$ cat model.cif   # mmCIF, C-alpha atoms and all ligand atoms
data_upload
loop_
_atom_site.group_PDB
_atom_site.id
_atom_site.type_symbol
_atom_site.label_atom_id
_atom_site.label_comp_id
_atom_site.auth_asym_id
_atom_site.auth_seq_id
_atom_site.Cartn_x
_atom_site.Cartn_y
_atom_site.Cartn_z
ATOM 1 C CA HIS M 4 81.204 74.410 107.773
ATOM 2 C CA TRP M 5 84.896 73.530 108.168
ATOM 3 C CA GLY M 6 86.956 74.569 111.171
ATOM 4 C CA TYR M 7 89.441 73.175 113.667
ATOM 5 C CA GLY M 8 87.188 71.269 116.057
ATOM 6 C CA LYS M 9 86.571 67.588 116.729
ATOM 7 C CA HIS M 10 83.691 67.365 114.268
ATOM 8 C CA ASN M 11 84.829 69.774 111.552
ATOM 9 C CA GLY M 12 88.611 69.861 111.847
ATOM 10 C CA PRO M 13 91.424 68.829 109.481
ATOM 11 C CA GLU M 14 90.564 65.124 109.542
ATOM 12 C CA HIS M 15 87.122 66.003 108.120
ATOM 13 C CA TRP M 16 88.114 68.463 105.414
ATOM 14 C CA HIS M 17 88.552 65.815 102.703
ATOM 15 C CA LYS M 18 84.773 65.251 102.567
ATOM 16 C CA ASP M 19 84.113 68.751 101.218
ATOM 17 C CA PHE M 20 87.561 69.165 99.633
ATOM 18 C CA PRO M 21 88.853 65.835 98.307
ATOM 19 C CA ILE M 22 92.173 67.439 97.319
ATOM 20 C CA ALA M 23 92.918 67.261 101.076
ATOM 21 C CA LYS M 24 94.311 63.771 100.316
ATOM 22 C CA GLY M 25 96.193 65.002 97.224
ATOM 23 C CA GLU M 26 99.804 64.717 96.140
ATOM 24 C CA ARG M 27 101.086 68.184 97.104
ATOM 25 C CA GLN M 28 99.357 69.102 100.358
ATOM 26 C CA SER M 29 100.686 71.466 103.012
ATOM 27 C CA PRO M 30 102.020 71.860 105.588
ATOM 28 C CA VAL M 31 104.761 69.234 105.852
ATOM 29 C CA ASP M 32 107.497 68.285 108.247
ATOM 30 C CA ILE M 33 110.807 69.699 107.092
ATOM 31 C CA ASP M 34 113.419 66.979 107.653
ATOM 32 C CA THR M 35 116.497 69.200 107.714
ATOM 33 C CA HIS M 36 118.945 66.404 107.048
ATOM 34 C CA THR M 37 117.079 65.192 103.972
ATOM 35 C CA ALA M 38 116.502 68.695 102.546
ATOM 36 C CA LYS M 39 119.024 69.182 99.741
ATOM 37 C CA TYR M 40 121.119 72.320 99.403
ATOM 38 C CA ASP M 41 120.471 73.720 95.933
ATOM 39 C CA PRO M 42 123.288 76.067 94.832
ATOM 40 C CA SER M 43 121.124 77.130 91.884
ATOM 41 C CA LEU M 44 118.575 78.781 94.213
ATOM 42 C CA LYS M 45 118.774 82.577 94.235
ATOM 43 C CA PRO M 46 118.579 84.845 97.284
ATOM 44 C CA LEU M 47 115.017 85.706 98.109
ATOM 45 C CA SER M 48 114.068 89.279 97.158
ATOM 46 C CA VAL M 49 111.548 90.791 99.555
ATOM 47 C CA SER M 50 110.603 94.335 98.548
ATOM 48 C CA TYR M 51 108.088 95.626 101.061
ATOM 49 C CA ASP M 52 109.108 99.305 101.265
ATOM 50 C CA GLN M 53 105.885 100.462 99.532
ATOM 51 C CA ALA M 54 103.483 97.950 101.087
ATOM 52 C CA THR M 55 100.069 99.479 101.822
ATOM 53 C CA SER M 56 97.815 97.698 104.333
ATOM 54 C CA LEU M 57 94.055 98.316 104.171
ATOM 55 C CA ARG M 58 92.082 96.359 106.757
ATOM 56 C CA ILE M 59 92.295 93.630 109.380
ATOM 57 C CA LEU M 60 89.547 90.994 109.547
ATOM 58 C CA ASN M 61 88.576 88.099 111.768
ATOM 59 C CA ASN M 62 87.252 85.530 109.275
ATOM 60 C CA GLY M 63 86.387 82.888 111.870
ATOM 61 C CA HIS M 64 89.614 80.925 111.303
ATOM 62 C CA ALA M 65 92.366 83.523 111.628
ATOM 63 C CA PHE M 66 92.836 87.241 111.313
ATOM 64 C CA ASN M 67 94.001 88.581 107.982
ATOM 65 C CA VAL M 68 95.850 91.809 107.425
ATOM 66 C CA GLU M 69 94.794 92.645 103.868
ATOM 67 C CA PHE M 70 96.888 94.845 101.531
ATOM 68 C CA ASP M 71 96.178 97.004 98.505
ATOM 69 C CA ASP M 72 97.597 94.831 95.748
ATOM 70 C CA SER M 73 96.356 96.963 92.825
ATOM 71 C CA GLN M 74 99.863 98.232 92.056
ATOM 72 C CA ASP M 75 103.306 96.683 92.017
ATOM 73 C CA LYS M 76 104.327 97.684 95.566
ATOM 74 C CA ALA M 77 105.067 94.754 97.911
ATOM 75 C CA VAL M 78 106.707 92.031 95.900
ATOM 76 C CA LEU M 79 108.424 88.729 96.423
ATOM 77 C CA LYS M 80 110.747 87.475 93.687
ATOM 78 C CA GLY M 81 113.987 85.544 93.261
ATOM 79 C CA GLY M 82 114.630 82.488 95.375
ATOM 80 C CA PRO M 83 112.885 79.571 93.680
ATOM 81 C CA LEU M 84 110.414 81.850 91.917
ATOM 82 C CA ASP M 85 110.044 82.736 88.276
ATOM 83 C CA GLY M 86 108.598 86.212 87.853
ATOM 84 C CA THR M 87 107.024 88.481 90.453
ATOM 85 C CA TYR M 88 104.518 87.785 93.191
ATOM 86 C CA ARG M 89 102.511 90.513 94.912
ATOM 87 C CA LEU M 90 101.591 90.591 98.603
ATOM 88 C CA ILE M 91 97.852 90.388 99.257
ATOM 89 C CA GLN M 92 97.555 89.474 102.963
ATOM 90 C CA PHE M 93 99.170 87.900 105.927
ATOM 91 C CA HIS M 94 97.813 85.860 108.815
ATOM 92 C CA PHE M 95 99.028 83.526 111.535
ATOM 93 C CA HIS M 96 98.360 80.085 112.942
ATOM 94 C CA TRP M 97 98.900 79.539 116.671
ATOM 95 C CA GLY M 98 98.308 77.177 119.545
ATOM 96 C CA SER M 99 96.545 77.013 122.865
ATOM 97 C CA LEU M 100 99.982 76.566 124.468
ATOM 98 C CA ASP M 101 103.490 77.625 123.459
ATOM 99 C CA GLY M 102 104.430 74.026 122.554
ATOM 100 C CA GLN M 103 102.238 73.926 119.456
ATOM 101 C CA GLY M 104 100.754 76.213 116.854
ATOM 102 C CA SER M 105 102.920 76.054 113.757
ATOM 103 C CA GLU M 106 101.764 74.227 110.640
ATOM 104 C CA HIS M 107 105.168 73.345 109.229
ATOM 105 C CA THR M 108 107.445 71.532 111.621
ATOM 106 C CA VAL M 109 111.243 71.248 111.598
ATOM 107 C CA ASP M 110 112.529 67.773 112.457
ATOM 108 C CA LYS M 111 109.092 67.325 114.061
ATOM 109 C CA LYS M 112 109.510 70.425 116.229
ATOM 110 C CA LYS M 113 106.388 72.571 116.546
ATOM 111 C CA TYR M 114 106.766 76.306 117.020
ATOM 112 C CA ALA M 115 104.327 78.457 118.990
ATOM 113 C CA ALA M 116 102.960 80.031 115.834
ATOM 114 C CA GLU M 117 103.572 80.537 112.120
ATOM 115 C CA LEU M 118 103.159 83.646 109.956
ATOM 116 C CA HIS M 119 102.064 83.321 106.345
ATOM 117 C CA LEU M 120 102.667 86.175 103.913
ATOM 118 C CA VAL M 121 100.548 85.334 100.902
ATOM 119 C CA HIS M 122 101.587 86.566 97.429
ATOM 120 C CA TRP M 123 100.091 85.955 93.977
ATOM 121 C CA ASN M 124 101.857 85.607 90.645
ATOM 122 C CA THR M 125 101.330 88.770 88.658
ATOM 123 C CA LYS M 127 101.246 86.778 85.404
ATOM 124 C CA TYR M 128 97.718 85.700 86.393
ATOM 125 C CA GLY M 129 96.351 89.190 86.980
ATOM 126 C CA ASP M 130 94.710 88.697 90.375
ATOM 127 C CA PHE M 131 94.498 86.366 93.340
ATOM 128 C CA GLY M 132 91.333 84.556 92.293
ATOM 129 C CA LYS M 133 92.806 83.458 88.975
ATOM 130 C CA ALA M 134 96.219 82.742 90.498
ATOM 131 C CA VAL M 135 94.899 80.122 92.954
ATOM 132 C CA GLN M 136 93.703 78.084 89.968
ATOM 133 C CA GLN M 137 97.291 77.732 88.725
ATOM 134 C CA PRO M 138 100.011 75.370 89.891
ATOM 135 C CA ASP M 139 102.449 78.286 90.316
ATOM 136 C CA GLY M 140 99.827 80.838 91.305
ATOM 137 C CA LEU M 141 100.941 81.680 94.859
ATOM 138 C CA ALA M 142 104.103 82.087 96.849
ATOM 139 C CA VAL M 143 103.676 81.910 100.593
ATOM 140 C CA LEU M 144 106.492 83.078 102.824
ATOM 141 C CA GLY M 145 106.284 81.168 106.106
ATOM 142 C CA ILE M 146 107.985 82.390 109.246
ATOM 143 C CA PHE M 147 108.078 80.561 112.573
ATOM 144 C CA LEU M 148 107.344 82.287 115.877
ATOM 145 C CA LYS M 149 108.930 81.280 119.169
ATOM 146 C CA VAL M 150 108.162 82.790 122.560
ATOM 147 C CA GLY M 151 110.892 84.889 124.120
ATOM 148 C CA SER M 152 111.586 88.573 123.578
ATOM 149 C CA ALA M 153 108.818 90.733 122.131
ATOM 150 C CA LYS M 154 108.664 91.558 118.428
ATOM 151 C CA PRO M 155 108.179 95.321 118.440
ATOM 152 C CA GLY M 156 106.911 95.280 114.834
ATOM 153 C CA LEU M 157 104.068 92.946 115.814
ATOM 154 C CA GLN M 158 102.667 95.163 118.545
ATOM 155 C CA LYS M 159 100.471 97.290 116.256
ATOM 156 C CA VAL M 160 98.710 94.079 115.181
ATOM 157 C CA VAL M 161 98.334 92.854 118.752
ATOM 158 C CA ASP M 162 96.809 96.109 119.905
ATOM 159 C CA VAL M 163 93.931 96.112 117.350
ATOM 160 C CA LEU M 164 92.856 92.536 118.056
ATOM 161 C CA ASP M 165 90.405 93.597 120.786
ATOM 162 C CA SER M 166 88.436 95.425 118.074
ATOM 163 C CA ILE M 167 88.023 92.275 115.912
ATOM 164 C CA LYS M 168 87.426 89.731 118.654
ATOM 165 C CA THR M 169 84.721 87.751 116.858
ATOM 166 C CA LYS M 170 84.054 86.247 113.426
ATOM 167 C CA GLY M 171 82.978 88.827 110.872
ATOM 168 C CA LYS M 172 84.515 91.845 112.575
ATOM 169 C CA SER M 173 86.896 94.047 110.652
ATOM 170 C CA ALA M 174 88.687 97.348 111.142
ATOM 171 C CA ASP M 175 90.650 99.819 109.067
ATOM 172 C CA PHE M 176 94.353 99.052 109.395
ATOM 173 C CA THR M 177 96.629 101.327 107.445
ATOM 174 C CA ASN M 178 100.378 101.971 107.351
ATOM 175 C CA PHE M 179 101.421 98.608 108.803
ATOM 176 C CA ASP M 180 104.930 97.714 107.676
ATOM 177 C CA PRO M 181 105.405 93.962 107.312
ATOM 178 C CA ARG M 182 109.198 94.397 107.238
ATOM 179 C CA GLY M 183 108.872 94.501 111.023
ATOM 180 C CA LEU M 184 107.839 90.835 111.064
ATOM 181 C CA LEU M 185 110.906 89.443 109.268
ATOM 182 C CA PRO M 186 113.882 87.736 110.915
ATOM 183 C CA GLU M 187 117.498 88.774 110.175
ATOM 184 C CA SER M 188 118.273 85.944 107.803
ATOM 185 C CA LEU M 189 116.381 85.058 104.626
ATOM 186 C CA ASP M 190 117.840 81.525 104.462
ATOM 187 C CA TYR M 191 114.951 79.221 103.498
ATOM 188 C CA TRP M 192 113.547 75.853 102.578
ATOM 189 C CA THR M 193 111.242 75.573 99.574
ATOM 190 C CA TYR M 194 108.870 72.952 98.198
ATOM 191 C CA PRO M 195 105.659 72.781 96.107
ATOM 192 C CA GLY M 196 102.422 72.570 98.077
ATOM 193 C CA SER M 197 98.988 73.900 98.823
ATOM 194 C CA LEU M 198 96.835 76.297 100.751
ATOM 195 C CA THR M 199 96.619 74.933 104.292
ATOM 196 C CA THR M 200 92.956 75.922 104.611
ATOM 197 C CA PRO M 201 90.038 74.915 102.389
ATOM 198 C CA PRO M 202 89.848 74.919 99.431
ATOM 199 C CA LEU M 203 93.372 73.435 99.886
ATOM 200 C CA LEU M 204 94.297 74.226 96.289
ATOM 201 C CA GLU M 205 97.689 72.955 95.104
ATOM 202 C CA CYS M 206 98.862 76.345 93.878
ATOM 203 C CA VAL M 207 101.632 77.332 96.303
ATOM 204 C CA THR M 208 105.384 77.574 96.123
ATOM 205 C CA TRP M 209 106.261 77.455 99.816
ATOM 206 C CA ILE M 210 109.240 79.411 101.082
ATOM 207 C CA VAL M 211 109.813 78.728 104.777
ATOM 208 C CA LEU M 212 112.464 80.749 106.560
ATOM 209 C CA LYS M 213 114.912 78.856 108.751
ATOM 210 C CA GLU M 214 115.227 81.625 111.373
ATOM 211 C CA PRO M 215 112.199 82.107 113.604
ATOM 212 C CA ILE M 216 111.150 85.459 114.981
ATOM 213 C CA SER M 217 110.722 85.853 118.716
ATOM 214 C CA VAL M 218 107.481 87.224 120.120
ATOM 215 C CA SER M 219 106.639 87.676 123.784
ATOM 216 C CA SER M 220 104.324 85.505 125.815
ATOM 217 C CA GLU M 221 102.083 88.564 126.235
ATOM 218 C CA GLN M 222 101.865 89.031 122.460
ATOM 219 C CA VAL M 223 100.786 85.452 121.758
ATOM 220 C CA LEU M 224 98.391 85.529 124.739
ATOM 221 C CA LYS M 225 96.522 88.295 122.933
ATOM 222 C CA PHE M 226 96.177 86.119 119.837
ATOM 223 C CA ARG M 227 94.533 83.543 122.118
ATOM 224 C CA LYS M 228 91.856 86.033 123.215
ATOM 225 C CA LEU M 229 90.309 86.078 119.744
ATOM 226 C CA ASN M 230 87.138 84.030 119.122
ATOM 227 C CA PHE M 231 86.183 81.513 116.398
ATOM 228 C CA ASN M 232 82.508 82.288 117.079
ATOM 229 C CA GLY M 233 80.534 85.334 116.026
ATOM 230 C CA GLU M 234 79.408 88.105 118.402
ATOM 231 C CA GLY M 235 76.572 86.910 120.619
ATOM 232 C CA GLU M 236 77.545 83.223 120.325
ATOM 233 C CA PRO M 237 79.012 80.851 122.925
ATOM 234 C CA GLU M 238 82.679 81.771 123.345
ATOM 235 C CA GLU M 239 85.176 79.453 121.713
ATOM 236 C CA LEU M 240 88.678 80.840 121.799
ATOM 237 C CA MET M 241 90.516 81.009 118.485
ATOM 238 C CA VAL M 242 93.416 78.720 119.338
ATOM 239 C CA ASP M 243 94.934 75.683 117.615
ATOM 240 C CA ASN M 244 93.955 76.948 114.166
ATOM 241 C CA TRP M 245 96.716 74.903 112.534
ATOM 242 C CA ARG M 246 96.575 72.007 110.101
ATOM 243 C CA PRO M 247 99.043 69.228 111.006
ATOM 244 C CA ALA M 248 101.815 68.010 108.738
ATOM 245 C CA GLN M 249 100.668 66.123 105.647
ATOM 246 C CA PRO M 250 102.416 63.351 103.682
ATOM 247 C CA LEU M 251 105.385 64.581 101.643
ATOM 248 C CA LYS M 252 104.659 61.967 98.962
ATOM 249 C CA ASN M 253 106.591 62.619 95.794
ATOM 250 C CA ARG M 254 108.327 65.828 96.858
ATOM 251 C CA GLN M 255 111.773 67.186 97.577
ATOM 252 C CA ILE M 256 112.411 70.053 99.956
ATOM 253 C CA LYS M 257 115.337 72.225 98.855
ATOM 254 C CA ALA M 258 117.487 74.435 101.090
ATOM 255 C CA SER M 259 118.985 77.772 100.055
ATOM 256 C CA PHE M 260 121.815 77.281 102.530
ATOM 257 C CA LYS M 261 124.254 74.544 103.560
HETATM 258 ZN ZN ZN V 301 98.149 80.110 106.702
#

$ encode --input "model.cif" --output "structure tokens"
Amino acid sequence: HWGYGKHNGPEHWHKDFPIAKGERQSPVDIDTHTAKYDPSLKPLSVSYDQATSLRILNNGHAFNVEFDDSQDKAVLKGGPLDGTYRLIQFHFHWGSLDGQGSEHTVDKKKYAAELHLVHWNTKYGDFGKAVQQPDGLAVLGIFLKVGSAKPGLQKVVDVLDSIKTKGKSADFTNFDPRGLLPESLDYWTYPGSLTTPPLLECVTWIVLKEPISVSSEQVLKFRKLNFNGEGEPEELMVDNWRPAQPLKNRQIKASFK
């Protein structure tokens, strides 16, 4: 099965998922000088006041915080988007060292980690149908750098010891994802894909310019997670990022000048 190792990592994914070599794959390098300011882009609307988290799960490739998306309660709209997109989960990608971990890069710079808040277009009724559409998902990407702690992340960090290995899950209620956002909602946007198999080309990417800061101790706890299942040889869950893919026929637009 696919993963992030030498024999099953990103360079292998195309064998099971040929769209890996497609025309709108993610992530990409964001060349900030070539990104075009688009005055027609609207401010992003992030309405997370009623978000309701349900569970946290180690799926063998990341940990997902999964939300109750059965009502209109945590929505992303505006920006480049037409209509309303509902939050279903978030997860991170991170490195074995602070110098790598992000999937998107900015002028080739890698951040220590990257948060993905995954939303589906309500016009398609649920997530499974949305991923089959070219405008099915909107993923809000936020870079993490190591410095001061992010207090709003600590509740996540502190449950990780209970989901150390693949397949483990725990109840995880009342987590407020507003605590993971930076001050500014200035962003870049482009059309792309899921960055994990099945790599479907269904995502409008919205990548915030301002990173959040997390502490070294916080990211060190991410690195204690395992790719393997319980009672298997320990392989730390680190470097679970796909590298930048060819931009091909795409333009990255900036909401800011
Ligand atoms: Zn992701």

$ resolve_selection --input "model.cif" --expression "the PyMOL selection byres (((not hetatm)) within 9 of (chain V and resi 301))" --output "PyMOL selection string"
chain M and resi 65+93-96+106+117-121+143+145+198-200+245-246

$ residues_around --input "model.cif" --residues "residue 36 (chain M)" --least-positions-apart "2" --cutoff "12 Å" --atoms "only C-alpha atoms" --output "PDB file with C-alpha atoms, in the frame of the given file"
ATOM      1  CA  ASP M  32     107.497  68.285 108.247  1.00  0.00           C
ATOM      2  CA  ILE M  33     110.807  69.699 107.092  1.00  0.00           C
ATOM      3  CA  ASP M  34     113.419  66.979 107.653  1.00  0.00           C
ATOM      4  CA  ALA M  38     116.502  68.695 102.546  1.00  0.00           C
ATOM      5  CA  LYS M  39     119.024  69.182  99.741  1.00  0.00           C
ATOM      6  CA  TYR M  40     121.119  72.320  99.403  1.00  0.00           C
ATOM      7  CA  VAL M 109     111.243  71.248 111.598  1.00  0.00           C
ATOM      8  CA  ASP M 110     112.529  67.773 112.457  1.00  0.00           C
ATOM      9  CA  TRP M 192     113.547  75.853 102.578  1.00  0.00           C
ATOM     10  CA  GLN M 255     111.773  67.186  97.577  1.00  0.00           C
ATOM     11  CA  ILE M 256     112.411  70.053  99.956  1.00  0.00           C
ATOM     12  CA  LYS M 257     115.337  72.225  98.855  1.00  0.00           C
ATOM     13  CA  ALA M 258     117.487  74.435 101.090  1.00  0.00           C
ATOM     14  CA  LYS M 261     124.254  74.544 103.560  1.00  0.00           C
TER      15      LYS M 261
END

$ closest_atom_pairs --input "model.cif" --of "region 194-240 of chain M" --to "region 21-31 of chain M" --cutoff "8 Å" --atoms "all atoms listed in the file" --output "CSV"
residue,atom,partner,partner_atom,distance
M:195,CA,M:27,CA,6.6
M:196,CA,M:27,CA,4.7
M:197,CA,M:28,CA,5.1
M:198,CA,M:29,CA,6.6
M:199,CA,M:29,CA,5.5
M:203,CA,M:23,CA,6.3
M:204,CA,M:22,CA,7.2
M:205,CA,M:27,CA,6.2

$ closest_residue --input "model.cif" --among "M:194, M:131, M:260, M:231" --to "residue 83 (chain M)" --atoms "only C-alpha atoms"
M:194

$ axis_aligned_box --input "model.cif" --around "region 19-31 of chain M" --padding-each-side "5 Å" --output "AutoDock Vina command-line options"
--center_x 94.4 --center_y 67.8 --center_z 101.0 --size_x 30.6 --size_y 18.1 --size_z 19.7

$ resolve_selection --input "model.cif" --expression "the PyMOL selection byres (((chain M and resi 103) around 10) and not hetatm)" --output "ChimeraX atom specification"
/M:96-102,104-106,108,112-117,149,243,245

$ write_last_selection --input "model.cif" --atoms "C-alpha atoms" --output "compact mmCIF listing (two decimals), in the frame of the given file"
# COMPACT_ATOMS: atom_id res chain seq x y z
CA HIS M 96 98.36 80.08 112.94
CA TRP M 97 98.90 79.54 116.67
CA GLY M 98 98.31 77.18 119.54
CA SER M 99 96.54 77.01 122.86
CA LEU M 100 99.98 76.57 124.47
CA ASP M 101 103.49 77.62 123.46
CA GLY M 102 104.43 74.03 122.55
CA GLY M 104 100.75 76.21 116.85
CA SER M 105 102.92 76.05 113.76
CA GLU M 106 101.76 74.23 110.64
CA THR M 108 107.44 71.53 111.62
CA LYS M 112 109.51 70.42 116.23
CA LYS M 113 106.39 72.57 116.55
CA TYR M 114 106.77 76.31 117.02
CA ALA M 115 104.33 78.46 118.99
CA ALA M 116 102.96 80.03 115.83
CA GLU M 117 103.57 80.54 112.12
CA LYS M 149 108.93 81.28 119.17
CA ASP M 243 94.93 75.68 117.62
CA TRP M 245 96.72 74.90 112.53

$ closest_residue --input "model.cif" --among "M:159, M:254, M:168, M:18" --to "residue 241 (chain M)" --atoms "all atoms listed in the file"
M:168

$ resolve_selection --input "model.cif" --expression "the PyMOL selection byres (((chain M and resi 53-56) around 6) and not hetatm)" --output "list in words"
residues 51, 52, 57, 69, 70, 71, 76, 77, 177, 178 and 179 of chain M

$ atom_distance --input "model.cif" --atom1 "CA of residue 259 (chain M)" --atom2 "CA of residue 48 (chain M)"
12.8 Å

$ closest_residue --input "model.cif" --among "M:153, M:138, M:60, M:249" --to "residue 224 (chain M)" --atoms "all atoms listed in the file"
M:153

$ atom_distance --input "model.cif" --atom1 "CA of residue 237 (chain M)" --atom2 "CA of residue 202 (chain M)"
26.5 Å

$ atom_distance --input "model.cif" --atom1 "CA of residue 122 (chain M)" --atom2 "CA of residue 37 (chain M)"
27.2 Å

$ residues_around --input "model.cif" --residues "residue 142 (chain M)" --least-positions-apart "5" --cutoff "9 Å" --atoms "only C-alpha atoms" --output "list in words"
residues 79, 84, 88, 89, 120, 121, 122, 123, 124, 206, 207, 208, 209 and 210 of chain M

$ residues_around --input "model.cif" --residues "region 184-190 of chain M" --least-positions-apart "2" --cutoff "9 Å" --atoms "all atoms listed in the file" --output "ChimeraX atom specification"
/M:46-48,118,146,154-157,180-182,192,211-217,258-260

$ closest_residue --input "model.cif" --among "M:82, M:247, M:201, M:165" --to "residue 19 (chain M)" --atoms "all atoms listed in the file"
M:201

$ residues_around --input "model.cif" --residues "residue 62 (chain M)" --least-positions-apart "5" --cutoff "9 Å" --atoms "all atoms listed in the file" --output "PyMOL selection string"
chain M and resi 67+169-173+231

$ closest_residue --input "model.cif" --among "M:160, M:250, M:64, M:219" --to "residue 7 (chain M)" --atoms "all atoms listed in the file"
M:64

$ decode --input "model.cif" --residues "region 154-174 of chain M" --atoms "N, CA and C atoms" --output "PDB file, in the first residue's frame"
ATOM      1  N   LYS M 154       1.689  27.665  19.839  1.00  0.00           N
ATOM      2  CA  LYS M 154       0.321  27.991  19.444  1.00  0.00           C
ATOM      3  C   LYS M 154      -0.619  27.424  20.507  1.00  0.00           C
ATOM      4  N   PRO M 155      -1.150  28.288  21.373  1.00  0.00           N
ATOM      5  CA  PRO M 155      -1.932  27.738  22.486  1.00  0.00           C
ATOM      6  C   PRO M 155      -3.130  26.891  22.017  1.00  0.00           C
ATOM      7  N   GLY M 156      -3.737  27.298  20.903  1.00  0.00           N
ATOM      8  CA  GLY M 156      -4.891  26.621  20.338  1.00  0.00           C
ATOM      9  C   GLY M 156      -4.602  25.244  19.763  1.00  0.00           C
ATOM     10  N   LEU M 157      -3.328  24.916  19.580  1.00  0.00           N
ATOM     11  CA  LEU M 157      -2.921  23.602  19.116  1.00  0.00           C
ATOM     12  C   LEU M 157      -2.729  22.606  20.259  1.00  0.00           C
ATOM     13  N   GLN M 158      -2.575  23.102  21.483  1.00  0.00           N
ATOM     14  CA  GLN M 158      -2.141  22.226  22.556  1.00  0.00           C
ATOM     15  C   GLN M 158      -3.116  21.091  22.850  1.00  0.00           C
ATOM     16  N   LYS M 159      -4.420  21.332  22.733  1.00  0.00           N
ATOM     17  CA  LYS M 159      -5.392  20.263  22.957  1.00  0.00           C
ATOM     18  C   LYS M 159      -5.226  19.080  21.981  1.00  0.00           C
ATOM     19  N   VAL M 160      -4.818  19.390  20.752  1.00  0.00           N
ATOM     20  CA  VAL M 160      -4.477  18.355  19.780  1.00  0.00           C
ATOM     21  C   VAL M 160      -3.233  17.589  20.234  1.00  0.00           C
ATOM     22  N   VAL M 161      -2.180  18.337  20.527  1.00  0.00           N
ATOM     23  CA  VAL M 161      -0.911  17.755  20.930  1.00  0.00           C
ATOM     24  C   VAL M 161      -1.086  16.793  22.089  1.00  0.00           C
ATOM     25  N   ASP M 162      -1.903  17.173  23.054  1.00  0.00           N
ATOM     26  CA  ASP M 162      -2.021  16.386  24.268  1.00  0.00           C
ATOM     27  C   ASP M 162      -2.811  15.070  24.115  1.00  0.00           C
ATOM     28  N   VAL M 163      -3.584  14.897  23.039  1.00  0.00           N
ATOM     29  CA  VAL M 163      -4.275  13.623  22.821  1.00  0.00           C
ATOM     30  C   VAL M 163      -3.479  12.665  21.929  1.00  0.00           C
ATOM     31  N   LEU M 164      -2.371  13.125  21.355  1.00  0.00           N
ATOM     32  CA  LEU M 164      -1.666  12.302  20.395  1.00  0.00           C
ATOM     33  C   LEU M 164      -1.138  11.007  21.020  1.00  0.00           C
ATOM     34  N   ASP M 165      -0.795  11.027  22.305  1.00  0.00           N
ATOM     35  CA  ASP M 165      -0.275   9.809  22.932  1.00  0.00           C
ATOM     36  C   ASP M 165      -1.327   8.698  23.002  1.00  0.00           C
ATOM     37  N   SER M 166      -2.596   9.063  22.846  1.00  0.00           N
ATOM     38  CA  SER M 166      -3.672   8.071  22.835  1.00  0.00           C
ATOM     39  C   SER M 166      -3.994   7.500  21.443  1.00  0.00           C
ATOM     40  N   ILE M 167      -3.381   8.058  20.397  1.00  0.00           N
ATOM     41  CA  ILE M 167      -3.571   7.556  19.028  1.00  0.00           C
ATOM     42  C   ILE M 167      -2.215   7.339  18.354  1.00  0.00           C
ATOM     43  N   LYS M 168      -1.281   6.764  19.095  1.00  0.00           N
ATOM     44  CA  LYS M 168       0.095   6.689  18.629  1.00  0.00           C
ATOM     45  C   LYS M 168       0.215   5.931  17.308  1.00  0.00           C
ATOM     46  N   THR M 169      -0.578   4.871  17.142  1.00  0.00           N
ATOM     47  CA  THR M 169      -0.363   3.946  16.037  1.00  0.00           C
ATOM     48  C   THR M 169      -1.539   3.889  15.078  1.00  0.00           C
ATOM     49  N   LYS M 170      -1.270   3.412  13.863  1.00  0.00           N
ATOM     50  CA  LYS M 170      -2.274   3.333  12.803  1.00  0.00           C
ATOM     51  C   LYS M 170      -3.503   2.574  13.262  1.00  0.00           C
ATOM     52  N   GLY M 171      -4.667   3.161  13.031  1.00  0.00           N
ATOM     53  CA  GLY M 171      -5.928   2.525  13.382  1.00  0.00           C
ATOM     54  C   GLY M 171      -6.530   3.023  14.685  1.00  0.00           C
ATOM     55  N   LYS M 172      -5.724   3.679  15.514  1.00  0.00           N
ATOM     56  CA  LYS M 172      -6.240   4.171  16.783  1.00  0.00           C
ATOM     57  C   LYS M 172      -7.014   5.450  16.598  1.00  0.00           C
ATOM     58  N   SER M 173      -8.091   5.570  17.346  1.00  0.00           N
ATOM     59  CA  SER M 173      -8.921   6.761  17.349  1.00  0.00           C
ATOM     60  C   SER M 173      -9.406   7.074  18.751  1.00  0.00           C
ATOM     61  N   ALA M 174      -9.833   8.312  18.961  1.00  0.00           N
ATOM     62  CA  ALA M 174     -10.357   8.729  20.249  1.00  0.00           C
ATOM     63  C   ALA M 174     -11.442   9.749  20.011  1.00  0.00           C
TER      64      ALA M 174
END
